[PDB]
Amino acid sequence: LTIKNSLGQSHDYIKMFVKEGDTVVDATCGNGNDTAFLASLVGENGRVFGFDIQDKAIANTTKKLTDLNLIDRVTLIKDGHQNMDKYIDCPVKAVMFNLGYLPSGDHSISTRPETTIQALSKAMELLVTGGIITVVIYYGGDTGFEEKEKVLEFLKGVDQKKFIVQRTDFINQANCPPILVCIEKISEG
């Protein structure tokens, strides 16, 4: 038994909260790993909304899910996660954010603070009470660094009466260990 990294822990937190038949969101599709993960947890009567701004990422995720017989429960949308409210009107149980750039792709196309903060606000509104958002933050680069600073600033201002914002950090590791943020809705209004 070993304490998992932030990427591993996000899956563990999602498994705790997501049951079968739920509506969940992968806000950052990429290659489709988290999308397939969310799809397997949610079952045949559940729904996964997936978002990416790249055609390469949507195609790779479509390929992944079709291979695993999971494409039927997934709605893939080629739009920014900051516009997630245009496509979803029901309450969601969970939203996964994995911040940064697509692996084995274009490294100049990455998540931006402005649109991430927007998506987070939309995700927080869409959440059912007792619902979870997980944010795996990468900060290795200049662009990663800038996003971490801004996202965390924003999340520090979230009403504690409405949301629990939990940060998990490995403080003795060098070379920017990825940070986990868990946001759980506890009250409406």
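Residue numbers run from 1 along the displayed sequence.
- As recorded in the PDB entry, 102-110 is the stretch of 73-81 and 102-110 with the greater mean C-alpha temperature factor.
- Across the two stretches, 152-160 and 51-59, the PDB entry reports the greater mean Cα temperature factor for 51-59.
- Taking the PDB entry at face value, the top CA B factor among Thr134, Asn31, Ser121, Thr143 belongs to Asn31.
- When all modelled residues of the chain are sorted by CA temperature factor, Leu68 is found within the highest third.
- For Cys182, the recorded CA B-factor ranks within the lowest third of the chain. Only modelled residues enter the ranking.
- In this PDB entry, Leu1 carries a Cα temperature factor that places it within the highest third of its chain's modelled residues.
- Ranked by Cα temperature factor within the chain, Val42 sits in the highest third according to the deposited record.
- Looking at the C-alpha B-factors along this chain, the one for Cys90 belongs to the highest third.
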